[PDB]
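Chains as they are written, first to last, in the deposited numbering: chain A, 1 to 231; chain B, 1 to 214; chain C, 4 to 173; chain D, 4 to 176; chain E, 8 to 114; chain F, 8 to 61; chain G, 274 to 326. All C-beta atoms, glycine included, are put in the ideal place defined by N, C-alpha and C. What follows is a set of notes on a single structure, which appears directly below.
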Amino acid sequence: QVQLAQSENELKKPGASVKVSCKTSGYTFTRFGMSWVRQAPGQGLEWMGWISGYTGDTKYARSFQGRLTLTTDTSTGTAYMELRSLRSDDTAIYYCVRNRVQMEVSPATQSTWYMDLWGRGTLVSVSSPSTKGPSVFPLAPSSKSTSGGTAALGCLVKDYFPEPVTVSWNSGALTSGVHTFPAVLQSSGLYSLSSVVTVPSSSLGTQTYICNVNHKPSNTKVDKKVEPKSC
Amino acid sequence: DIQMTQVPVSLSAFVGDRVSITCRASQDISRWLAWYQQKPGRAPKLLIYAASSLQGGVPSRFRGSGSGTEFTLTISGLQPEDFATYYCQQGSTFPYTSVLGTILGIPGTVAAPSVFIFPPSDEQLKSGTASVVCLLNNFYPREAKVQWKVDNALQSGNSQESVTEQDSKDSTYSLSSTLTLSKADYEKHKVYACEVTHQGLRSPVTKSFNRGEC
Amino acid sequence: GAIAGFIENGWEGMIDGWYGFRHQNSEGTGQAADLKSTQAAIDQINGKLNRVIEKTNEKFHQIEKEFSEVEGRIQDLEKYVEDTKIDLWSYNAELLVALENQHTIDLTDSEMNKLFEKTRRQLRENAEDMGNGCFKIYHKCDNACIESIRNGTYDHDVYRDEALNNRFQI
Amino acid sequence: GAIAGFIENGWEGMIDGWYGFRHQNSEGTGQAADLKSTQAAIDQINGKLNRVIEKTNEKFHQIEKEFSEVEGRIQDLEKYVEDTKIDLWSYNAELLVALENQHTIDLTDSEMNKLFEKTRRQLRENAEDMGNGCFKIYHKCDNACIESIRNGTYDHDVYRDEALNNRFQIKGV
Amino acid sequence: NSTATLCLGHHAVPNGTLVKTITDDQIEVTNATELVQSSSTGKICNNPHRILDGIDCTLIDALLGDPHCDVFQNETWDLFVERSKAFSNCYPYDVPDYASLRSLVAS
Amino acid sequence: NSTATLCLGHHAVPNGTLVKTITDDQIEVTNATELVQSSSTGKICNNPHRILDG
Amino acid sequence: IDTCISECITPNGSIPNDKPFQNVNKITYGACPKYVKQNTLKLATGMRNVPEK
Ligand SMILES: *[C@@H]1O[C@H](CO)[C@@H](O)[C@H](O)[C@H]1NC(C)=O
Ligand SMILES: *[C@@H]1O[C@H](CO)[C@@H](O)[C@H](O)[C@H]1NC(C)=O
Ligand SMILES: *[C@@H]1O[C@H](CO)[C@@H](O)[C@H](O)[C@H]1NC(C)=O
Ligand SMILES: *[C@@H]1O[C@H](CO)[C@@H](O)[C@H](O)[C@H]1NC(C)=O
Ligand SMILES: *[C@@H]1O[C@H](CO)[C@@H](O)[C@H](O)[C@H]1NC(C)=O
Ligand SMILES: *[C@@H]1O[C@H](CO)[C@@H](O)[C@H](O)[C@H]1NC(C)=O
Numbered sequence: 001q002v003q004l005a006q007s008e009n010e011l012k013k014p015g016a017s018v019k020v021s022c023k024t025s026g027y028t029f030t031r032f033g034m035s036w037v038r039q040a041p042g043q044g045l046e047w048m049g050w051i052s053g054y055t056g057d058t059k060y061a062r063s064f065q066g067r068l069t070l071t072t073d074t075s076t077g078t079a080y081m082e083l084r085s086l087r088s089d090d091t092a093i094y095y096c097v098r099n100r101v102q103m104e105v106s107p108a109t110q111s112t113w114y115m116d117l118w119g120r121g122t123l124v125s126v127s128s129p130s131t132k133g134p135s136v137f138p139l140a141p142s143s144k145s146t147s148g149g150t151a152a153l154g155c156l157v158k159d160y161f162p163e164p165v166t167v168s169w170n171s172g173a174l175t176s177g178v179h180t181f182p183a184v185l186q187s188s189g190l191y192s193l194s195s196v197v198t199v200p201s202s203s204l205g206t207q208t209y210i211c212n213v214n215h216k217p218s219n220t221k222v223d224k225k226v227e228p229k230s231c
Numbered sequence: 001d002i003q004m005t006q007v008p009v010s011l012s013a014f015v016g017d018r019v020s021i022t023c024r025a026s027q028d029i030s031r032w033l034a035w036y037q038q039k040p041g042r043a044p045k046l047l048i049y050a051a052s053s054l055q056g057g058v059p060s061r062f063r064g065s066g067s068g069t070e071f072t073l074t075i076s077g078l079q080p081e082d083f084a085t086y087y088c089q090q091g092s093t094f095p096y097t098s099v100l101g102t103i104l105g106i107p108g109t110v111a112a113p114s115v116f117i118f119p120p121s122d123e124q125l126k127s128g129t130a131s132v133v134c135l136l137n138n139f140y141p142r143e144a145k146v147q148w149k150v151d152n153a154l155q156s157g158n159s160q161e162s163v164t165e166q167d168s169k170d171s172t173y174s175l176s177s178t179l180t181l182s183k184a185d186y187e188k189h190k191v192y193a194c195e196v197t198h199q200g201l202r203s204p205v206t207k208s209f210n211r212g213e214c
Numbered sequence: 004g005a006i007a008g009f010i011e012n013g014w015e016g017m018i019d020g021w022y023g024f025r026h027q028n029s030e031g032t033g034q035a036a037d038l039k040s041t042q043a044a045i046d047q048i049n050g051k052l053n054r055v056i057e058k059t060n061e062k063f064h065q066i067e068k069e070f071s072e073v074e075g076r077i078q079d080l081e082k083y084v085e086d087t088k089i090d091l092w093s094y095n096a097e098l099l100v101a102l103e104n105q106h107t108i109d110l111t112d113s114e115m116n117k118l119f120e121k122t123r124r125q126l127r128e129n130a131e132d133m134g135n136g137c138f139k140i141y142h143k144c145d146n147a148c149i150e151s152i153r154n155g156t157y158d159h160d161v162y163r164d165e166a167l168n169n170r171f172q173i
Numbered sequence: 004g005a006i007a008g009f010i011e012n013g014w015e016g017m018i019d020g021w022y023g024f025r026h027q028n029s030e031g032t033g034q035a036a037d038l039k040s041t042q043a044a045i046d047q048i049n050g051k052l053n054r055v056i057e058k059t060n061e062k063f064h065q066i067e068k069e070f071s072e073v074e075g076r077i078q079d080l081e082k083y084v085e086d087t088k089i090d091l092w093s094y095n096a097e098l099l100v101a102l103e104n105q106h107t108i109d110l111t112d113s114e115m116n117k118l119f120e121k122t123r124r125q126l127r128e129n130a131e132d133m134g135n136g137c138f139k140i141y142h143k144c145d146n147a148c149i150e151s152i153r154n155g156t157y158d159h160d161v162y163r164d165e166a167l168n169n170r171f172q173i174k175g176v
Numbered sequence: 008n009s010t011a012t013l014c015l016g017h018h019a020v021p022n023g024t025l026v027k028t029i030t031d032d033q034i035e036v037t038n039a040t041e042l043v044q045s046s047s048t049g050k051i052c053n054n055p056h057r058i059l060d061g062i063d064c065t066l067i068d069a070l071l072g073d074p075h076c077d078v079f080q081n082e083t084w085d086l087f088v089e090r091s092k093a094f095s096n097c098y099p100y101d102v103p104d105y106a107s108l109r110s111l112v113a114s
Numbered sequence: 008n009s010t011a012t013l014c015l016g017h018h019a020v021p022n023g024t025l026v027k028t029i030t031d032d033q034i035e036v037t038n039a040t041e042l043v044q045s046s047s048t049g050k051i052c053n054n055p056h057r058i059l060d061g
Numbered sequence: 274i275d276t277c278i279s280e281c282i283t284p285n286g287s288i289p290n291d292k293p294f295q296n297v298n299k300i301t302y303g304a305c306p307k308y309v310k311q312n313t314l315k316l317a318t319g320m321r322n323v324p325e326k
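In structure tokens:
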């Protein structure tokens, strides 16, 4: 089995630099090349550069004229990328991809010529504020028995940084009707998101619903409950 | 550098339909292009290499065509797993270049949104900030207009929306608009409401709430 | 146990690359591959291999090429047209590989000579061409000195006085 | 501000010719084109350009190549014969240009090396190949001396003793 | 010692492949690839082209509507495959310019 | 100066034409000429051939 | 007929289209290699082989 194990997600400030690594497995690191491509949130793919596992020769994109540097360690067989002078725009998920064959003749009619093997990806976040845990708030069902037939309740995960935040309901018991929304960037530079679920109105009084929020960067594990407010 | 141009950018086709995606090159590529599939929340996957060669495990409905500078990807007999974002890539010369890509959505039947309103809780007012949210559940198509109204006072430069990706069975969308103000600003007005406009509704439906009361 | 260069032979025991170096010095013998010249040769072969298999001649409905019965004049023409086509393409195929092979043999021999001249240029007056694809370096060149030649950072002025002394004085 | 030769570099600021010289001496820097080597390369390109266009295929009455209606067996043959013809000529065209281009690139690179060797022959033991397409001339070579190298009248014996002393010295000759 | 030796060389293989050039019929090289396909699996791949097996029917028999060829009514194809075992089982007929009609319908 | 430097070189262009060879699909060259006619005036020349309009 | 994938089809069965030429059959369908009379044409993918080590 062939695998590309990447390094953990990183949080950095404007300026400075990052060094993302990518450990190779199941194939000879030499006799192959490595490409690096990134994807900004909601945007398409952007090719950054390529490096030979055999010769060490590099090919860079015009955008990364002197900001990107690709290096390699033949033994142990791992590949690195270094991006200097970081900006808010550089916030993206960075993929490491096996791309070309080296030390042997191979035509472009082969899958190996193209970007054959992808890594899971590595998120790097460039922002000025420090790591901060989320603030969970209760979202109660309003009005007279909501619509009448179906009801909705939720949890508001507000003010946290950086992404991601995991959320589940009743520790994975309640899945149907659940809608966890993608996070939105605030003016302050912090992230916020909401998670909701549709249930029968009759179940509000009898059934109990718990949202389990997890934020690994700040190590914040919160379990909050919501039911109709006592007016 | 070789600029790649993907034409459809956004696309809607129901299951069992045939759909065509185009990629035109700035220069002669001569067959050496590749197509990639990227499902939401996952990494890209190689679909076909060269002009037409399918990757191992790829069905057969996907058919690649082209040479020189004109290339196309067509998907026949659409299935739910085929709905993703697609990218072509030239491998003729460095620098290698991907594209803007084509997003694939599912057009089912028209479904009106379930509009709900939720006031800010008492824990939130302690922080000194208060947020109002208008929730739209399970609807199609995506283009839906949302406007906030505070005691008949126009809102602008104070709200942000978020949309979910297409879910698995009902094939509809969900949206959440969120308006945020300080405690001081929240204390000035009584009536708060969100007006929604969508193809499923004949008239804009309004869910509202008055402050001080539930 | 003298070492020999590319003129008389090739090196069977060499897996790291296509072209390389072999040395004999104060710290003993050694060997190393030249990776850039190796990949350069391969890149060229990839290029022509790609061109010969570029274009896919996609053909659908064509004329009949086999006949169960004797018809006459039109049949003879159909047979002639195809027989003509095949002979012409068979010629093109025979010629193409011959031209490609000759060129491949030349460009690979060219890479060897370019590497030899690159090295000759580095050593300047500190060495002499023994004629068998080897250089007699006229100064104490330890393993680090050899690597500097291989990675292209050899400074001849450092060893010039020592070398010129060993070359001319008898 | 060292000068560099032809190895992995070209000279953008060059209008008098295709190949040339660039120098650094007592009287400062300078540049000049080599006209004969330039014209020699061009003469060769003219030659092959002439040959590719030397025949004029004059053709008059031919077969029909477009058809308004579906006829049958004869039509299919006429289409096949022409489709075959076009494929064979399209191959010949693709191959010809490839072979001509490769040769043009080789003969132009060859012309550069011939000029380098011609110069190397002139200087004899009065200079050394620095390796970047340049010569280190080991004697005071003013503008007139450079000019003599360029116009092929350089007498090495005149500067031999001066040069050999500068080349082979450990401290004192 | 006071000197050193530096030799330059290229790799070789115990037994290489023979190829042809403009001057030589047989030159040994370290590696080569075949450019002529001479082998077949013996079977026809049902993908990517839509293959239609005629079995006992010919294209014309199917066109006219021979009783045992009724399964081919309104049938479509990319390649129609005609078998040698095929036979006619209707009214005896001839088709002047058979080849043209066969080619026409096939297209 | 007691010494001098003499470099040999060739000219170059800010932007050249791409051509094809036996090994390369795209190699930049200083100059090139088109060998395929792809344009027409849209009109038929009455000379040198005697043309008869039906 | 069999369940598998191949662009080129001949009366002898399907054949791979990886090579530029083929010797199987002048009759073809799809993206096929050009028919030639030769049964073998070897293209050098390496330098000339010399024996000593
Ligand atoms: C010949 O080339 C093929 C393809 O690059 C390679 O797999 C094989 O190992 C090579 N053989 C030799 C002897 O170099
Ligand atoms: C070349 O090798 C020497 C050691 O012999 C080392 O000091 C030097 O840094 C190397 N240069 C490069 C570019 O690898
Ligand atoms: C070459 O140049 C020198 C001056 O540097 C001049 O004296 C000599 O006559 C010239 N020879 C020719 C043939 O032009
Ligand atoms: C392969 O090795 C050499 C290649 O030069 C040849 O002489 C020998 O006969 C061959 N042996 C076999 C067993 O093929
Ligand atoms: C010259 O051509 C390349 C592509 O062939 C182009 O990208 C570049 O911008 C051009 N340079 C100038 C100075 O026009
Ligand atoms: C292909 O089939 C024909 C008969 O149609 C036969 O004559 C020929 O020998 C076969 N060739 C191969 C390579 O199977």
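Using a Cβ-Cβ cut-off of 7 Å (strictly less than) and excluding sequence neighbours within five positions of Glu81(D), which residues of its own chain qualify? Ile66, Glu67
Contacts around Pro40(B), its chain only, beta-carbon distance under 6 Å, and the 5 residues preceding and following it disregarded: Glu165
Beta strand (DSSP E) segments (min. 3 residues) lying fully within the segment 92-164 of chain B: 102-105, 114-118, 129-139, 145-150, 159-163
Determine the DSSP secondary structure at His142(D), reduced to helix, strand or coil. coil
Taking Cβ to Cβ, would you say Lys59(A) is nearer than 9 Å to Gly49(A)? yes
Candidates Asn135(C), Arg54(C), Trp92(C): which alpha carbon is nearest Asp28(B)'s? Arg54(C)
Along the segment 61-74 of chain E, what residues have a CB closer than 9 Å to any CB found in chain H? Given the protein chain composition of this structure (A, B, C, D, E, F and G), no chain H is represented.
Should the segment 23-34 of chain A be regarded as contacting the segment 50-59 of chain B, the criterion being three or more beta carbon pairs within less than 8 Å? no
Roughly how far, in whole angstroms, is the beta-carbon of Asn104(D) from the beta-carbon of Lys50(F), given that I think they are within contact range, below 8 Å? Rounded, the Cβ-Cβ distance is 34 Å, inconsistent with contact.
Along chain F, which residues have their Cβ under 9 Å away from the Cβ of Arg54(C)? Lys27, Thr28, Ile29, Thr30, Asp31, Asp32
Determine, for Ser30(B), whether the minimum Cβ-Cβ distance to residues of chain F falls below 9 Å. yes
Can you tell me whether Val55(C) sits near ligand 1, meaning its C-beta is under 8 Å from at least one heavy atom of the ligand? no
Less than 8 Å between the CB atoms is what I'm expecting for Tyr302(G) and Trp92(C), so what's the real figure, rounded? Their Cβ separation, rounded to whole angstroms, is 18 Å, which puts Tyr302(G) and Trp92(C) out of contact at 8 Å.
Mind checking who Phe24(D) pairs with in its DSSP beta bridge? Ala35(D), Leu15(F)
Could you give the distance in angstroms between the alpha-carbon of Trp113(A) and the alpha-carbon of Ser47(E)? 27 Å
Beta carbon of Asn154(C): closer than 8 Å to some heavy atom of ligand 2? yes
Residue 219(G) and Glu35(E): beta carbons closer than 9 Å? The question about residue 219(G) has no answer, for chain G in this structure spans 274 to 326.
Going by C-alpha distance, which of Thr283(G), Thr276(G), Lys292(G), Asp275(G) is nearest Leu314(G)? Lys292(G)
At a Cβ threshold of 9 Å, is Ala84(B) touching chain C? no
If the cut-off is 8 Å on Cβ atoms, which residues from the segment 68-82 of chain C count as contacting chain B, listed in chain order? none
For chain G, check one thing: does any of its Cβ atoms lie closer than 9 Å to the Cβ of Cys14(E)? no
What's the call for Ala96(C), buried or exposed, on a 16-neighbour Cβ count within 10 Å? buried
Is the CB of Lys39(C) under 9 Å away from at least one CB in chain F? no
Can you tell which of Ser12(B), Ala193(B), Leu100(B) has the C-alpha that lies nearest to the C-alpha of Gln3(B)? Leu100(B)
Three-state secondary structure (DSSP) of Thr175(A): coil
Classify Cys155(A) as helix, strand or coil using the three-state DSSP reduction. strand
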